$ cat target-v7.cif   # mmCIF, C-alpha atoms and all ligand atoms
data_protein
loop_
_atom_site.label_atom_id
_atom_site.label_comp_id
_atom_site.auth_asym_id
_atom_site.auth_seq_id
_atom_site.Cartn_x
_atom_site.Cartn_y
_atom_site.Cartn_z
CA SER G 4 32.11 -5.29 3.51
CA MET G 5 29.90 -4.08 6.36
CA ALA G 6 26.82 -4.25 4.14
CA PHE G 7 23.62 -5.89 5.32
CA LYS G 8 22.89 -9.18 3.61
CA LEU G 9 19.47 -10.56 2.75
CA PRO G 10 18.88 -13.73 4.79
CA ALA G 11 18.02 -16.80 2.70
CA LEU G 12 14.37 -17.69 2.17
CA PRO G 13 13.63 -20.70 4.46
CA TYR G 14 12.26 -22.69 1.49
CA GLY G 15 12.33 -22.77 -2.30
CA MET G 16 10.06 -20.44 -4.24
CA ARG G 17 7.58 -23.18 -5.23
CA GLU G 18 7.09 -24.62 -1.74
CA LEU G 19 4.13 -22.46 -0.64
CA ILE G 20 1.96 -23.51 -3.61
CA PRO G 21 -1.08 -23.42 -3.95
CA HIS G 22 -1.38 -20.87 -1.16
CA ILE G 23 1.28 -18.38 -2.32
CA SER G 24 2.65 -18.77 -5.84
CA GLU G 25 6.13 -19.04 -7.23
CA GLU G 26 5.61 -15.74 -8.98
CA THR G 27 4.67 -14.03 -5.73
CA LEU G 28 7.75 -15.33 -3.89
CA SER G 29 9.91 -14.41 -6.88
CA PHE G 30 8.82 -10.77 -6.67
CA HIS G 31 8.08 -10.42 -2.96
CA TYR G 32 11.42 -11.88 -1.87
CA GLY G 33 13.46 -11.38 -5.03
CA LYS G 34 12.47 -7.79 -5.75
CA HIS G 35 10.83 -6.14 -2.74
CA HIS G 36 12.79 -7.69 0.15
CA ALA G 37 16.06 -7.66 -1.82
CA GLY G 38 15.24 -4.05 -2.67
CA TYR G 39 14.93 -3.00 0.97
CA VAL G 40 18.39 -4.43 1.69
CA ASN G 41 19.96 -2.69 -1.27
CA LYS G 42 18.31 0.62 -0.41
CA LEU G 43 19.31 0.48 3.26
CA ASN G 44 22.92 -0.21 2.28
CA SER G 45 22.83 2.70 -0.15
CA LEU G 46 21.52 5.00 2.60
CA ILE G 47 24.04 4.09 5.31
CA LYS G 48 27.19 3.41 3.27
CA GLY G 49 30.05 5.52 4.57
CA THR G 50 28.01 6.82 7.50
CA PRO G 51 28.42 6.03 11.19
CA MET G 52 25.21 3.96 10.91
CA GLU G 53 27.19 1.40 8.91
CA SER G 54 28.06 -0.62 12.03
CA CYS G 55 24.60 -0.60 13.63
CA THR G 56 22.54 -3.76 14.00
CA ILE G 57 19.23 -3.80 12.19
CA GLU G 58 17.42 -3.58 15.54
CA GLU G 59 19.53 -0.57 16.50
CA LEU G 60 18.51 1.21 13.27
CA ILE G 61 14.85 0.34 13.85
CA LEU G 62 14.98 1.74 17.40
CA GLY G 63 17.20 4.73 16.71
CA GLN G 64 16.51 6.07 13.22
CA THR G 65 13.62 7.73 11.42
CA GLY G 66 12.68 8.33 7.79
CA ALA G 67 13.95 6.24 4.89
CA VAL G 68 16.60 4.50 7.03
CA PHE G 69 13.89 3.38 9.47
CA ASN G 70 11.50 2.39 6.69
CA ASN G 71 14.00 0.18 4.96
CA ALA G 72 15.55 -1.35 8.12
CA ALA G 73 12.10 -2.14 9.53
CA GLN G 74 10.88 -3.67 6.28
CA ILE G 75 14.01 -5.85 6.10
CA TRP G 76 13.22 -7.14 9.61
CA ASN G 77 9.48 -7.48 9.03
CA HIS G 78 9.91 -9.50 5.84
CA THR G 79 12.46 -11.91 7.35
CA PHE G 80 10.00 -12.44 10.22
CA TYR G 81 7.20 -12.98 7.69
CA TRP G 82 9.02 -15.72 5.73
CA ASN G 83 9.76 -17.56 8.97
CA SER G 84 6.12 -17.24 10.10
CA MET G 85 5.20 -19.46 7.15
CA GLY G 86 6.33 -22.72 5.68
CA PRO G 87 5.51 -25.77 3.61
CA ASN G 88 3.94 -28.60 5.58
CA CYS G 89 2.68 -26.22 8.29
CA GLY G 90 -0.70 -24.59 8.94
CA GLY G 91 -3.52 -26.40 10.73
CA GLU G 92 -4.11 -26.23 14.48
CA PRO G 93 -1.49 -24.69 16.79
CA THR G 94 0.59 -27.17 18.80
CA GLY G 95 2.78 -26.80 21.88
CA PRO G 96 3.15 -23.69 24.06
CA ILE G 97 1.57 -21.35 21.50
CA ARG G 98 -1.64 -23.40 21.56
CA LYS G 99 -1.95 -22.80 25.32
CA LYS G 100 -1.28 -19.06 24.96
CA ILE G 101 -3.89 -18.78 22.20
CA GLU G 102 -6.51 -20.63 24.24
CA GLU G 103 -5.74 -18.56 27.35
CA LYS G 104 -6.35 -15.31 25.44
CA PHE G 105 -9.01 -16.19 22.84
CA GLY G 106 -10.67 -19.28 24.32
CA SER G 107 -10.06 -21.37 21.21
CA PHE G 108 -8.08 -21.48 18.01
CA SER G 109 -11.23 -20.72 16.03
CA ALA G 110 -11.79 -17.46 17.97
CA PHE G 111 -8.15 -16.46 17.36
CA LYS G 112 -8.54 -17.21 13.66
CA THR G 113 -11.68 -15.03 13.54
CA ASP G 114 -10.12 -12.10 15.42
CA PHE G 115 -6.79 -12.16 13.58
CA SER G 116 -8.45 -12.60 10.16
CA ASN G 117 -10.67 -9.60 10.91
CA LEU G 118 -7.65 -7.54 11.95
CA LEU G 119 -5.75 -8.47 8.78
CA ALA G 120 -8.80 -7.86 6.58
CA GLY G 121 -9.56 -4.54 8.24
CA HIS G 122 -6.21 -2.82 7.87
CA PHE G 123 -6.53 0.18 5.56
CA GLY G 124 -3.61 0.83 3.21
CA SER G 125 -0.24 -0.88 3.60
CA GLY G 126 0.67 -2.71 6.80
CA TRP G 127 1.15 -5.78 8.98
CA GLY G 128 -0.73 -7.97 11.45
CA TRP G 129 1.17 -9.45 14.42
CA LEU G 130 0.62 -12.08 17.06
CA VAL G 131 2.67 -10.87 20.05
CA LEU G 132 3.61 -11.86 23.59
CA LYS G 133 2.85 -8.94 25.91
CA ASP G 134 4.89 -8.04 28.98
CA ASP G 135 2.26 -9.56 31.25
CA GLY G 136 2.93 -12.89 29.54
CA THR G 137 -0.33 -13.10 27.60
CA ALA G 138 -0.74 -13.28 23.82
CA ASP G 139 -2.41 -10.55 21.80
CA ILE G 140 -2.88 -9.30 18.25
CA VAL G 141 -1.77 -5.89 17.03
CA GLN G 142 -1.34 -4.15 13.70
CA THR G 143 1.29 -1.79 12.35
CA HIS G 144 1.08 0.55 9.37
CA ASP G 145 3.53 0.82 6.46
CA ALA G 146 6.93 -0.25 7.87
CA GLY G 147 5.71 0.04 11.46
CA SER G 148 7.56 -2.18 13.91
CA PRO G 149 6.34 -3.84 17.14
CA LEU G 150 9.94 -3.35 18.31
CA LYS G 151 9.93 0.42 17.83
CA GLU G 152 6.34 0.80 19.05
CA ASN G 153 6.95 -1.55 22.01
CA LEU G 154 3.79 -3.56 21.25
CA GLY G 155 5.13 -6.85 22.61
CA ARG G 156 7.42 -9.66 21.46
CA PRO G 157 6.59 -10.70 17.90
CA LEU G 158 5.54 -14.35 17.56
CA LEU G 159 4.05 -14.41 14.02
CA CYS G 160 3.19 -11.86 11.34
CA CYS G 161 1.24 -11.58 8.12
CA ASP G 162 2.07 -8.95 5.49
CA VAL G 163 -1.00 -7.15 4.08
CA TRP G 164 0.79 -4.78 1.71
CA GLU G 165 -0.92 -5.34 -1.64
CA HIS G 166 2.25 -6.77 -3.20
CA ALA G 167 1.99 -9.69 -0.76
CA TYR G 168 -1.12 -10.99 -2.49
CA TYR G 169 -2.01 -9.06 -5.64
CA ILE G 170 -0.42 -11.49 -8.10
CA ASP G 171 -2.42 -14.42 -6.72
CA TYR G 172 -5.58 -12.85 -5.33
CA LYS G 173 -5.80 -9.33 -6.80
CA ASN G 174 -8.14 -7.27 -4.58
CA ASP G 175 -9.35 -10.35 -2.67
CA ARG G 176 -7.29 -9.98 0.51
CA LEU G 177 -9.74 -12.21 2.38
CA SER G 178 -8.83 -15.20 0.16
CA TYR G 179 -5.15 -14.48 0.76
CA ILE G 180 -5.75 -14.42 4.52
CA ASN G 181 -7.69 -17.69 4.34
CA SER G 182 -4.77 -19.25 2.43
CA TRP G 183 -2.19 -17.87 4.88
CA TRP G 184 -3.71 -20.01 7.65
CA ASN G 185 -2.59 -23.05 5.64
CA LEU G 186 1.00 -21.83 5.83
CA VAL G 187 1.39 -20.58 9.37
CA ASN G 188 4.51 -21.97 11.03
CA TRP G 189 3.64 -22.71 14.66
CA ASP G 190 7.19 -23.88 15.30
CA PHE G 191 8.43 -20.32 14.68
CA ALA G 192 5.85 -19.01 17.17
CA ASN G 193 7.03 -21.56 19.74
CA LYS G 194 10.69 -20.62 19.17
CA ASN G 195 9.78 -16.95 19.68
CA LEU G 196 8.08 -17.83 22.96
CA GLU G 197 11.38 -19.33 24.14
CA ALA G 198 13.44 -16.30 23.09
CA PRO G 199 12.88 -13.20 20.98
CA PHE G 200 13.88 -13.55 17.35
CA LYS G 201 17.17 -11.83 16.60
CA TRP G 202 17.66 -10.91 12.95
CA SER G 203 20.81 -12.23 11.27
CA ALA Y 6 -27.16 6.79 -2.25
CA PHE Y 7 -23.85 7.36 -4.06
CA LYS Y 8 -23.32 5.96 -7.53
CA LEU Y 9 -19.99 5.16 -9.13
CA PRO Y 10 -19.44 7.70 -11.93
CA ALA Y 11 -18.77 6.17 -15.35
CA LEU Y 12 -15.20 5.86 -16.59
CA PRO Y 13 -14.44 8.64 -19.11
CA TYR Y 14 -13.29 6.02 -21.66
CA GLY Y 15 -13.61 2.33 -22.56
CA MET Y 16 -11.62 -0.15 -20.54
CA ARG Y 17 -9.34 -0.97 -23.50
CA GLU Y 18 -8.59 2.66 -24.36
CA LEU Y 19 -5.54 3.16 -22.09
CA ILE Y 20 -3.72 0.21 -23.67
CA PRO Y 21 -0.71 -0.19 -23.80
CA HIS Y 22 -0.11 2.13 -20.84
CA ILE Y 23 -2.69 0.69 -18.42
CA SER Y 24 -4.28 -2.67 -19.28
CA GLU Y 25 -7.90 -3.72 -19.57
CA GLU Y 26 -7.32 -6.12 -16.66
CA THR Y 27 -6.03 -3.26 -14.47
CA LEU Y 28 -9.06 -1.10 -15.15
CA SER Y 29 -11.40 -4.05 -14.54
CA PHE Y 30 -10.03 -4.49 -11.00
CA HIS Y 31 -9.07 -0.94 -10.18
CA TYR Y 32 -12.35 0.60 -11.35
CA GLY Y 33 -14.66 -2.42 -11.20
CA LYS Y 34 -13.59 -3.79 -7.80
CA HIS Y 35 -11.62 -1.18 -5.82
CA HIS Y 36 -13.42 2.02 -6.82
CA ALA Y 37 -16.81 0.29 -6.90
CA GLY Y 38 -15.96 -1.17 -3.51
CA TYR Y 39 -15.43 2.25 -1.94
CA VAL Y 40 -18.84 3.34 -3.21
CA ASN Y 41 -20.52 0.20 -1.86
CA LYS Y 42 -18.76 0.44 1.51
CA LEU Y 43 -19.52 4.15 1.95
CA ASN Y 44 -23.19 3.56 1.14
CA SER Y 45 -23.37 0.80 3.75
CA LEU Y 46 -21.63 2.99 6.36
CA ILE Y 47 -23.92 6.00 6.01
CA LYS Y 48 -27.27 4.31 5.29
CA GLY Y 49 -29.89 5.29 7.87
CA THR Y 50 -27.63 7.92 9.43
CA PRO Y 51 -27.64 11.75 9.24
CA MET Y 52 -24.62 11.45 6.90
CA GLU Y 53 -26.84 9.90 4.21
CA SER Y 54 -27.63 13.32 2.68
CA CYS Y 55 -24.09 14.73 2.74
CA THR Y 56 -22.14 15.46 -0.42
CA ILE Y 57 -18.88 13.55 -0.98
CA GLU Y 58 -16.93 16.73 -0.32
CA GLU Y 59 -18.86 17.29 2.91
CA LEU Y 60 -17.96 13.80 4.13
CA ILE Y 61 -14.30 14.34 3.23
CA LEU Y 62 -14.19 17.64 5.12
CA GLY Y 63 -16.28 16.60 8.13
CA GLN Y 64 -15.67 12.91 8.93
CA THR Y 65 -12.77 10.68 9.97
CA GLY Y 66 -12.14 6.95 10.11
CA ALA Y 67 -13.80 4.56 7.66
CA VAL Y 68 -16.37 7.08 6.38
CA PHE Y 69 -13.54 9.48 5.49
CA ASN Y 70 -11.38 6.76 3.94
CA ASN Y 71 -14.10 5.54 1.61
CA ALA Y 72 -15.45 9.01 0.74
CA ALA Y 73 -11.97 10.35 -0.02
CA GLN Y 74 -10.99 7.30 -2.09
CA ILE Y 75 -14.19 7.69 -4.12
CA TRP Y 76 -13.28 11.31 -4.91
CA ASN Y 77 -9.58 10.56 -5.45
CA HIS Y 78 -10.29 7.74 -7.92
CA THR Y 79 -12.80 9.74 -9.93
CA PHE Y 80 -10.18 12.52 -10.11
CA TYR Y 81 -7.58 9.94 -11.19
CA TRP Y 82 -9.65 8.57 -14.08
CA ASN Y 83 -10.23 12.11 -15.34
CA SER Y 84 -6.51 12.92 -15.06
CA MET Y 85 -5.88 10.36 -17.79
CA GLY Y 86 -7.18 9.68 -21.25
CA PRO Y 87 -6.57 8.04 -24.62
CA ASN Y 88 -4.81 10.29 -27.18
CA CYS Y 89 -3.41 12.43 -24.38
CA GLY Y 90 0.02 12.55 -22.74
CA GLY Y 91 2.93 14.38 -24.32
CA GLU Y 92 3.87 17.97 -23.54
CA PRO Y 93 1.46 20.22 -21.59
CA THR Y 94 -0.88 22.54 -23.43
CA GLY Y 95 -2.86 25.65 -22.55
CA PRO Y 96 -2.73 27.58 -19.28
CA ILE Y 97 -1.23 24.66 -17.33
CA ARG Y 98 1.79 24.74 -19.64
CA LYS Y 99 2.32 28.36 -18.60
CA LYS Y 100 2.06 27.62 -14.87
CA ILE Y 101 4.32 24.56 -15.19
CA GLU Y 102 7.06 26.50 -17.02
CA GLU Y 103 6.77 29.35 -14.50
CA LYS Y 104 7.19 27.09 -11.47
CA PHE Y 105 9.56 24.39 -12.73
CA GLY Y 106 11.34 26.17 -15.59
CA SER Y 107 10.61 23.49 -18.20
CA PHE Y 108 8.32 20.53 -18.68
CA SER Y 109 11.35 18.22 -18.53
CA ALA Y 110 12.20 19.57 -15.06
CA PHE Y 111 8.58 19.18 -13.93
CA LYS Y 112 8.48 15.60 -15.21
CA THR Y 113 11.63 14.76 -13.22
CA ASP Y 114 10.39 16.45 -10.05
CA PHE Y 115 6.90 14.93 -10.13
CA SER Y 116 8.25 11.50 -11.16
CA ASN Y 117 10.62 11.61 -8.18
CA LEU Y 118 7.76 12.53 -5.84
CA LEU Y 119 5.63 9.64 -7.17
CA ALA Y 120 8.53 7.17 -7.07
CA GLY Y 121 9.55 8.18 -3.58
CA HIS Y 122 6.19 7.81 -1.83
CA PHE Y 123 6.50 5.04 0.76
CA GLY Y 124 3.43 2.84 1.24
CA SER Y 125 0.01 3.62 -0.28
CA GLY Y 126 -0.72 7.13 -1.47
CA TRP Y 127 -1.25 9.79 -4.15
CA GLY Y 128 0.72 12.45 -5.98
CA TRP Y 129 -0.97 15.70 -6.99
CA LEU Y 130 -0.37 18.66 -9.23
CA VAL Y 131 -2.12 21.56 -7.46
CA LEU Y 132 -2.90 25.24 -7.83
CA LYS Y 133 -1.83 27.12 -4.70
CA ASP Y 134 -3.63 30.18 -3.31
CA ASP Y 135 -0.91 32.47 -4.71
CA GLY Y 136 -1.86 31.23 -8.18
CA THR Y 137 1.27 29.14 -8.71
CA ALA Y 138 1.48 25.43 -9.53
CA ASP Y 139 3.07 22.97 -7.14
CA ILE Y 140 3.30 19.25 -6.46
CA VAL Y 141 2.26 17.56 -3.22
CA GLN Y 142 1.60 14.07 -1.93
CA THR Y 143 -1.03 12.52 0.30
CA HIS Y 144 -0.89 9.19 2.12
CA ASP Y 145 -3.48 6.38 2.06
CA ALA Y 146 -6.83 8.15 1.39
CA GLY Y 147 -5.45 11.59 2.23
CA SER Y 148 -7.15 14.45 0.40
CA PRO Y 149 -5.68 17.80 -0.74
CA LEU Y 150 -9.13 19.20 0.04
CA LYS Y 151 -9.00 18.16 3.70
CA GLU Y 152 -5.30 19.02 4.17
CA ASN Y 153 -5.65 22.38 2.32
CA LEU Y 154 -2.76 21.64 -0.04
CA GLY Y 155 -4.22 23.64 -2.91
CA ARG Y 156 -6.73 23.01 -5.67
CA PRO Y 157 -6.22 19.60 -7.29
CA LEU Y 158 -5.36 19.76 -10.99
CA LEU Y 159 -4.12 16.23 -11.73
CA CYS Y 160 -3.35 13.15 -9.67
CA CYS Y 161 -1.52 9.86 -9.97
CA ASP Y 162 -2.45 6.88 -7.76
CA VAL Y 163 0.58 5.04 -6.38
CA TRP Y 164 -1.25 2.46 -4.31
CA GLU Y 165 0.24 -0.82 -5.46
CA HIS Y 166 -3.08 -2.02 -6.93
CA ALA Y 167 -2.84 0.84 -9.48
CA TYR Y 168 0.10 -0.82 -11.17
CA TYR Y 169 0.88 -4.28 -9.82
CA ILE Y 170 -0.96 -6.22 -12.54
CA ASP Y 171 0.95 -4.50 -15.32
CA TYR Y 172 4.28 -3.54 -13.73
CA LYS Y 173 4.60 -5.56 -10.50
CA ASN Y 174 7.20 -3.87 -8.27
CA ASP Y 175 8.32 -1.52 -11.07
CA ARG Y 176 6.51 1.69 -10.07
CA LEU Y 177 8.95 3.74 -12.17
CA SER Y 178 7.71 2.07 -15.38
CA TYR Y 179 4.13 2.69 -14.32
CA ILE Y 180 4.95 6.36 -13.71
CA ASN Y 181 6.55 6.66 -17.14
CA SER Y 182 3.41 5.12 -18.66
CA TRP Y 183 1.23 7.54 -16.71
CA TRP Y 184 2.97 10.43 -18.50
CA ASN Y 185 1.75 8.94 -21.79
CA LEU Y 186 -1.81 9.21 -20.46
CA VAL Y 187 -1.88 12.55 -18.66
CA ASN Y 188 -4.94 14.57 -19.63
CA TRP Y 189 -3.86 18.19 -19.84
CA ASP Y 190 -7.41 19.22 -20.80
CA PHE Y 191 -8.60 18.15 -17.33
CA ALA Y 192 -5.84 20.18 -15.66
CA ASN Y 193 -6.88 23.23 -17.65
CA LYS Y 194 -10.56 22.72 -16.74
CA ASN Y 195 -9.54 22.57 -13.08
CA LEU Y 196 -7.65 25.86 -13.52
CA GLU Y 197 -10.86 27.52 -14.70
CA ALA Y 198 -12.90 26.08 -11.81
CA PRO Y 199 -12.33 23.42 -9.13
CA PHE Y 200 -13.53 19.91 -9.93
CA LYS Y 201 -16.87 19.06 -8.37
CA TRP Y 202 -17.56 15.35 -7.95
CA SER Y 203 -20.73 13.90 -9.47
FE FE G 301 5.90 -7.19 1.76
FE FE G 302 -6.44 3.13 -6.41
#

$ encode --input "target-v7.cif" --output "structure tokens"
Amino acid sequence: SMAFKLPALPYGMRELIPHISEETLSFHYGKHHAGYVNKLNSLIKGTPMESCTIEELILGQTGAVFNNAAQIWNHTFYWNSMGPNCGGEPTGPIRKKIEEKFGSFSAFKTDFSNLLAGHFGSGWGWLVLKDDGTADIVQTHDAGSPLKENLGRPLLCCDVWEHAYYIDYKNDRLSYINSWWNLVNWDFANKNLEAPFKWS
Amino acid sequence: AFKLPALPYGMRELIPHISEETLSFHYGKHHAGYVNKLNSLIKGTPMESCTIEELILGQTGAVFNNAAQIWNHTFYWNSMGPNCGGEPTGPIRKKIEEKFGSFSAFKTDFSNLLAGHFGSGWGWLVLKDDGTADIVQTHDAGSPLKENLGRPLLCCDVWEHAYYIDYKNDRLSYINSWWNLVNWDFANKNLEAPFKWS
């Protein structure tokens, strides 16, 4: 089979408690993310797109094929941007990049929280490495991709589609954002500084 | 400045199709929030004396988003009711059968539109300028008024907050429940004269 496969979650579904619940991971990974994979496969089965990489589909396609391919990528990136036993202050190369751009971790936390809180409708917040070598924050809408929009190399992302938080926080996206800081996986950011993430 | 218009029914009256908890957040937090945010955005500005429709037609950005969502949600509550649903009645039945052939065909076509909308948005039954019914969608806070898609007759919210409490990812089950709530009397009122927000 040439079908795309959903990459494994990097942790069990209870490991992000109390910040993101079991029930949220069960639906967000088990229904939404799994759903994007199944839908993409349905759309490209028997077509010449069958042998494309996910990045090739993101860069080269539009419409439903784009939307599903990009969401598959974005969610895999999201799960890796979080973890159990993470959070807290940035360490290593990403700490230097954050200080160089924002002056301090606290300023970054303020700016990125405001960006995440401010996004209207469905979308994503990203910490990226720009071509000039400096860090920045950007947002995309719906399935929007920093790859397609050439916004920089993704380092971390936070999903602000309502399904990411509604089970646990209902309309209170700000409490979800505050909780997400307890989960952020700086090691993933540091790996992405070494080399761009390639989906597999 | 603007006040949130009262729900047309009690918050337990759409059970078992939409829960009390859903209405408490969707009306009490989201819809109320758009009113509060709009009021804070326009206070002390020349926009403070504009009608909701005027803000929808003449502004962009956050003022538009909040103004349009206020209108869209009020339209949504009126598009539903207790002891409604079922097959269409009155003049809207006629227009539906003329355009779509049968109610069953309409229900399939509009359900597919609602199910297929990617991201946050709205589905609408409208009256076009040629006097025929049609179905259209808008994205995020998009308004049929601003995009000149026809006169709104009914709408269904497919932002995830409209259904996540009750149906989680299963928007199709939410859509099927919405059909049990559809208020054909509101559609027929809107055929006689366009809805004016108050
Ligand atoms: Fe998501
Ligand atoms: Fe809504």

$ closest_residue --input "target-v7.cif" --among "Y:152, Y:145, Y:197, Y:53" --to "chain G" --atoms "all atoms listed in the file"
Y:145

$ interface_residues --input "target-v7.cif" --of "chain G" --to "chain Y" --cutoff "10 Å" --atoms "only C-alpha atoms" --output "PyMOL selection string"
chain G and resi 27+30-31+34-35+38+66-67+70-71+123-126+144-146+164-166+169-170+173-175

$ atom_distance --input "target-v7.cif" --atom1 "CA of residue 32 in chain Y" --atom2 "CA of residue 116 in chain G"
25.5 Å

$ closest_residue --input "target-v7.cif" --among "G:133, G:8, G:48, G:36" --to "ligand FE 301 (chain G)" --atoms "all atoms listed in the file"
G:36

$ atom_distance --input "target-v7.cif" --atom1 "CA of residue 90 in chain G" --atom2 "CA of residue 188 in chain G"
6.2 Å

$ residues_around --input "target-v7.cif" --residues "residue 87 in chain G" --least-positions-apart "2" --cutoff "12 Å" --atoms "only C-alpha atoms" --output "ChimeraX atom specification"
/G:13-23,82-85,89-91,183-190

$ write_last_selection --input "target-v7.cif" --atoms "C-alpha atoms" --output "PDB file, in the coordinates of the input"
ATOM      1  CA  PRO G  13      13.630 -20.700   4.460  1.00  0.00           C
ATOM      2  CA  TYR G  14      12.260 -22.690   1.490  1.00  0.00           C
ATOM      3  CA  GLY G  15      12.330 -22.770  -2.300  1.00  0.00           C
ATOM      4  CA  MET G  16      10.060 -20.440  -4.240  1.00  0.00           C
ATOM      5  CA  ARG G  17       7.580 -23.180  -5.230  1.00  0.00           C
ATOM      6  CA  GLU G  18       7.090 -24.620  -1.740  1.00  0.00           C
ATOM      7  CA  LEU G  19       4.130 -22.460  -0.640  1.00  0.00           C
ATOM      8  CA  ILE G  20       1.960 -23.510  -3.610  1.00  0.00           C
ATOM      9  CA  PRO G  21      -1.080 -23.420  -3.950  1.00  0.00           C
ATOM     10  CA  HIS G  22      -1.380 -20.870  -1.160  1.00  0.00           C
ATOM     11  CA  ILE G  23       1.280 -18.380  -2.320  1.00  0.00           C
ATOM     12  CA  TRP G  82       9.020 -15.720   5.730  1.00  0.00           C
ATOM     13  CA  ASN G  83       9.760 -17.560   8.970  1.00  0.00           C
ATOM     14  CA  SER G  84       6.120 -17.240  10.100  1.00  0.00           C
ATOM     15  CA  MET G  85       5.200 -19.460   7.150  1.00  0.00           C
ATOM     16  CA  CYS G  89       2.680 -26.220   8.290  1.00  0.00           C
ATOM     17  CA  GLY G  90      -0.700 -24.590   8.940  1.00  0.00           C
ATOM     18  CA  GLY G  91      -3.520 -26.400  10.730  1.00  0.00           C
ATOM     19  CA  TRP G 183      -2.190 -17.870   4.880  1.00  0.00           C
ATOM     20  CA  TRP G 184      -3.710 -20.010   7.650  1.00  0.00           C
ATOM     21  CA  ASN G 185      -2.590 -23.050   5.640  1.00  0.00           C
ATOM     22  CA  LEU G 186       1.000 -21.830   5.830  1.00  0.00           C
ATOM     23  CA  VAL G 187       1.390 -20.580   9.370  1.00  0.00           C
ATOM     24  CA  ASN G 188       4.510 -21.970  11.030  1.00  0.00           C
ATOM     25  CA  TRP G 189       3.640 -22.710  14.660  1.00  0.00           C
ATOM     26  CA  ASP G 190       7.190 -23.880  15.300  1.00  0.00           C
TER      27      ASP G 190
END

$ residues_near_point --input "target-v7.cif" --point "(-21.9, 15.1, 10.3)" --cutoff "8 Å" --atoms "all atoms listed in the file" --output "PDB file with C-alpha atoms, keeping the file's coordinate frame"
ATOM      1  CA  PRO Y  51     -27.640  11.750   9.240  1.00  0.00           C
ATOM      2  CA  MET Y  52     -24.620  11.450   6.900  1.00  0.00           C
ATOM      3  CA  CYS Y  55     -24.090  14.730   2.740  1.00  0.00           C
ATOM      4  CA  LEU Y  60     -17.960  13.800   4.130  1.00  0.00           C
ATOM      5  CA  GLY Y  63     -16.280  16.600   8.130  1.00  0.00           C
ATOM      6  CA  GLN Y  64     -15.670  12.910   8.930  1.00  0.00           C
TER       7      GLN Y  64
END

$ axis_aligned_box --input "target-v7.cif" --around "range 54-58 of chain G" --padding-each-side "5 Å" --output "AutoDock Vina command-line options"
--center_x 22.7 --center_y -2.2 --center_z 13.8 --size_x 20.6 --size_y 13.2 --size_z 13.5

$ atom_distance --input "target-v7.cif" --atom1 "CA of residue 142 in chain G" --atom2 "CA of residue 200 in chain G"
18.3 Å

$ closest_residue --input "target-v7.cif" --among "G:10, G:33, G:51, G:96" --to "ligand FE 301 (chain G)" --atoms "all atoms listed in the file"
G:33

$ closest_residue --input "target-v7.cif" --among "G:130, G:161, G:167, G:75" --to "ligand FE 301 (chain G)" --atoms "only C-alpha atoms and all ligand atoms"
G:167

$ residues_around --input "target-v7.cif" --residues "residue 95 in chain Y" --least-positions-apart "3" --cutoff "10 Å" --atoms "all atoms listed in the file" --output "short mmCIF file (atom, residue, chain, number, x, y, z; two decimals) with C-alpha atoms, in the frame of the given file"
data_model
loop_
_atom_site.label_atom_id
_atom_site.label_comp_id
_atom_site.auth_asym_id
_atom_site.auth_seq_id
_atom_site.Cartn_x
_atom_site.Cartn_y
_atom_site.Cartn_z
CA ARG Y 98 1.79 24.74 -19.64
CA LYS Y 99 2.32 28.36 -18.60
CA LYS Y 100 2.06 27.62 -14.87
CA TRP Y 189 -3.86 18.19 -19.84
CA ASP Y 190 -7.41 19.22 -20.80
CA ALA Y 192 -5.84 20.18 -15.66
CA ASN Y 193 -6.88 23.23 -17.65
#

$ closest_residue --input "target-v7.cif" --among "Y:87, Y:33, Y:15, Y:21" --to "ligand FE 302 (chain G)" --atoms "only C-alpha atoms and all ligand atoms"
Y:33

$ build_atoms --input "target-v7.cif" --residues "range 185-192 of chain Y" --atoms "N, CA and C atoms" --output "PDB file, keeping the file's coordinate frame"
ATOM      1  N   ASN Y 185       2.336   9.123 -20.469  1.00  0.00           N
ATOM      2  CA  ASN Y 185       1.750   8.940 -21.790  1.00  0.00           C
ATOM      3  C   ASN Y 185       0.230   9.058 -21.788  1.00  0.00           C
ATOM      4  N   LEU Y 186      -0.359   9.143 -20.596  1.00  0.00           N
ATOM      5  CA  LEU Y 186      -1.810   9.210 -20.460  1.00  0.00           C
ATOM      6  C   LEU Y 186      -2.334  10.535 -19.918  1.00  0.00           C
ATOM      7  N   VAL Y 187      -1.442  11.381 -19.408  1.00  0.00           N
ATOM      8  CA  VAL Y 187      -1.880  12.550 -18.660  1.00  0.00           C
ATOM      9  C   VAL Y 187      -2.795  13.447 -19.519  1.00  0.00           C
ATOM     10  N   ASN Y 188      -3.926  13.801 -18.927  1.00  0.00           N
ATOM     11  CA  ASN Y 188      -4.940  14.570 -19.630  1.00  0.00           C
ATOM     12  C   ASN Y 188      -4.799  16.046 -19.324  1.00  0.00           C
ATOM     13  N   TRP Y 189      -4.068  16.782 -20.153  1.00  0.00           N
ATOM     14  CA  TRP Y 189      -3.860  18.190 -19.840  1.00  0.00           C
ATOM     15  C   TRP Y 189      -5.157  18.994 -19.913  1.00  0.00           C
ATOM     16  N   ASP Y 190      -6.124  18.526 -20.703  1.00  0.00           N
ATOM     17  CA  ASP Y 190      -7.410  19.220 -20.800  1.00  0.00           C
ATOM     18  C   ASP Y 190      -8.111  19.259 -19.445  1.00  0.00           C
ATOM     19  N   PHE Y 191      -7.992  18.183 -18.668  1.00  0.00           N
ATOM     20  CA  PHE Y 191      -8.600  18.150 -17.330  1.00  0.00           C
ATOM     21  C   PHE Y 191      -7.905  19.150 -16.404  1.00  0.00           C
ATOM     22  N   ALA Y 192      -6.576  19.199 -16.454  1.00  0.00           N
ATOM     23  CA  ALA Y 192      -5.840  20.180 -15.660  1.00  0.00           C
ATOM     24  C   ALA Y 192      -6.302  21.588 -15.988  1.00  0.00           C
TER      25      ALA Y 192
END
